[PDB]
Amino acid sequence: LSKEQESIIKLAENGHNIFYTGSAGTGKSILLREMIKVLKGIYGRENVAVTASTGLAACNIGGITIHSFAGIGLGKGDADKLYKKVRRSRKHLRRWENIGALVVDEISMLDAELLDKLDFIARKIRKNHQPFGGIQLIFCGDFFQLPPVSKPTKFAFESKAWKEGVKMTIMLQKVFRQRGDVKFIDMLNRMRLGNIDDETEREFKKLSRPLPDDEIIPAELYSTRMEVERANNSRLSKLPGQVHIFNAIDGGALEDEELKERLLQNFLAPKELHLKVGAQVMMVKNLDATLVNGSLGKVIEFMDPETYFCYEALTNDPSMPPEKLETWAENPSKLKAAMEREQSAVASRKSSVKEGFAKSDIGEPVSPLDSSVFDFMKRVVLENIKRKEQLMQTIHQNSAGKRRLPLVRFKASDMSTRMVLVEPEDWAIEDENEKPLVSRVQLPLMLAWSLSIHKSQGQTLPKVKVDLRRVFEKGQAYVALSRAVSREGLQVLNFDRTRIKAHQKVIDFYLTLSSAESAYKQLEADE
DNA sequence: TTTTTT
Ligand SMILES: Nc1ncnc2c1ncn2[C@@H]1O[C@H](COP(=O)(O)OP(=O)(O)OP(O)(O)=S)[C@@H](O)[C@H]1O
Ligand SMILES: [Mg+2]
């Protein structure tokens, strides 16, 4: 870690409501990841609230989406009625009564209206007038990156809540991401601000040369959902291995089918989820505390719940007597007899709707499980008790004509993994008398080789294809291209400098702030 | 042409 950075953790240590920023690449998130350790040691592991604007970027540091944390849904409604939505769910209310520090990363994507609301929700809950109820704030973004989504949106700082809230500011300088290319850093420093010359243009337009043709799948960054899907399938249908179709149950009672379709998209769920063995996926609904919107991962193989109950126990003891896997692979009546022991009335009218999802293929045969699924065991001639894989594969050949679901290896930003067999979820849009106008049961997955540029903001991409065809917001081009470590590993199609421009309030804001060294002097102000 | 909801 640098010297300019440690003066921030230690500023946040001493308890100051800092916002802190810097060019893309300057290691603000990495910094934050360690800052979060030393704020749980002050308040409590359960009293620090790690969040970001999006949900993938929120996983970059360990956190849930800011909206998921506060418990405000999409947070469109009035500032007063969000308070009563919060104080209903007991979990979310005391989550606001105990947090000592609220962390928000890539706050650039939050709009002044919500920052005003959270500020209010906290004050009326915590019984305190202080700029957020006394909650130590830590805002970490870069206002030259993507601005808050509008459907006019004032920036996070135009709010009364921000300029009341932020007590202190800092500003990092050394761009670490492209550290070995002092030229490429420069090219992005002036793409961030609005200036591009010929040598920049020609160099970027030279990057459209195809990327290396090795066995590492390059990441692709398109500005739209229907590009991201074109590339997520342009790439998936190049993967060796048998596909698995996943058809989404739909309903139920709306008449305008054009909005029905459009409603059926923003659920983040596709009508046709195609998934092979080895696809990069990303959870899209907040399921639990560590499997959330934005969790990258990979698909491992496709098993039904009877099967996966063996494979799960088989991960917890590869030194297991196989006389019990053989009791399940020669009599699968006893198989259910151990699965049930470990596990509403409107949920029983959606189980039997989710029950139909991915109908059983009693006429299609069941291919064997891959090699890599039993690699975990392969780590002394008398200990080769591995009739286990032949037992496990036998248990799989008993699940033809049974719904097989994706077993996904998920990966957190602290580098630990977690396997889960992904069950369908349900997306409904309804009214006061509960009738789902549009309802859809699909898997909470989408291919995650291509992110949007919004979702990729905050990422650090080793080999990244970028296509500036359909960018429409200031700095968005600068995000997609600055997600790159180098130039040797970067493709740039349809480079268009004729719309690469700055916003005026972003120049106006980064002239009234404290530099990296104007963070040190406030340390001897404490001491 | 975008994100956000257990
Ligand atoms: N002190 C450091 N020493 C070595 N590598 C660093 C250091 N700080 C950052 N990096 C590298 O820089 C990248 C991480 O920088 P980030 O923390 O992601 O900054 P940032 O996320 O680009 O800022 P954004 O995009 O505005 S959220 C990784 O490749 C790190 O290995
Ligand atoms: Mg980041």
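Described in the following lines is the structure provided in the data block. (Residues numbered from 1 in each chain as written, not as in the entry; some residues may be left out. Chains lettered and ligands numbered in written order. Heavy atoms only, no water.)

1. Things to note about the overall build of chain A
Reasoning step 1: Within chain A, the regular secondary structure consists of 22 helices and 17 strands.
Reasoning step 2: The globule rule puts the C-alpha radius of gyration for 527 residues at 24 Å, and the 25 Å found for chain A is close to it.
Reasoning step 3: By principal-axis analysis of the C-alpha atoms, chain A measures approximately 75 × 60 × 55 Å.
Reasoning step 4: Expressed as a percentage of the 527 residues in chain A, the buried residues total 50%.
Reasoning step 5: Charge centroids of chain A, computed over 81 positive and 72 negative side chains, lie 2 Å from each other. (Helix = DSSP H or I, 4+ residues; strand = E, 2+ residues; numbered from the N terminus. Rg over C-alpha atoms; globule rule 2.2 N^0.38 Å. Buried < 20%, exposed > 50% of the residue type's maximum accessible area, 1.4 Å probe, protein only. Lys, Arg positive; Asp, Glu negative; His and termini not counted. Charge placed at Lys NZ, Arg CZ, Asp CG, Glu CD.)

2. A short note on the packing of aromatic side chains
Reasoning step 1: Within this structure, the stated rule accounts for 22 aromatic pairs.
Reasoning step 2: Note on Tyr311 and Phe374: the rings are 6.3 Å apart at their centroids and 55° apart in plane angle, and the pair reads as tilted. Each member of the pair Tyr311 and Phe374 is classed as buried.
Reasoning step 3: Centre to centre, the rings of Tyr311 and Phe376 are 5.5 Å apart; their planes meet at 90°, and the pair counts as edge-to-face.
Reasoning step 4: The buried category is assigned to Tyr311, whose relative accessible area is 5%.
Reasoning step 5: Judged by relative accessible area, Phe376 falls into the partly exposed class, the value being 27%.
Reasoning step 6: A network of ring pairs unites the aromatic residues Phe19, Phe132, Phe139, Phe143, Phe144, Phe155, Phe157, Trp162, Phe509 and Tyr510 as a single cluster.
Reasoning step 7: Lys124 extends its terminal NZ or CZ atom over the ring of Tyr83, reaching a point 5.3 Å from the ring centre. (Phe/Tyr/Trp six-rings, centres within 6.5 Å; stacked < 30°, edge-to-face > 60°. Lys NZ or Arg CZ within 6 Å of the ring centre and 35° of its normal.)

3. Concerning a positive patch on the surface
Reasoning step 1: A contiguous patch of positive charge, built from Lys85, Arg87, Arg88, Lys124 and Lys127, is present on the exposed surface.
Reasoning step 2: If you trace the backbone, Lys127 turns up in the loop between α8 (112-125) and β5 (136-140).
Reasoning step 3: Overall, the relative accessible area of 73% leaves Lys127 in the exposed class. (Patch = residues over 30% accessible without salt bridge, like charges linked within 9 Å, V, L, I, M, F, W, Y side chains within 5 Å. Areas by Shrake-Rupley, 256 points an atom, 1.4 Å probe, with all protein chains shown as cover. Salt bridge = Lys/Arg side-chain N within 4 Å of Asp/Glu carboxyl O.)

4. Observations regarding the nonpolar core
Reasoning step 1: Residues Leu275, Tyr311, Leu325, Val373, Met392, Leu407 and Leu445 are the most contacted members of the largest nonpolar core, which totals 44 residues.
Reasoning step 2: Listing elements by their share of this core, those giving two or more residues are β10 (296-303), α14 (305-316), α15 (325-328), α18 (388-396), β11 (405-411) and β12 (417-421).
Reasoning step 3: Broken down by element, the residue count for this core peaks at five residues, all from α14.
Reasoning step 4: With sequence-adjacent residues up to four places away left out, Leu325 is seen in contact with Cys310, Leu314, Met320, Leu391, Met392 and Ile395.
Reasoning step 5: In terms of nonpolar packing, the next biggest core, distinct from the first, is built from 38 residues, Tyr83, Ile99, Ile121 and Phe157 among them. (Core = buried A, V, L, I, M, F, W, Y, C linked by side-chain atoms within 4.5 Å. Contact = heavy atoms within 4.5 Å.)

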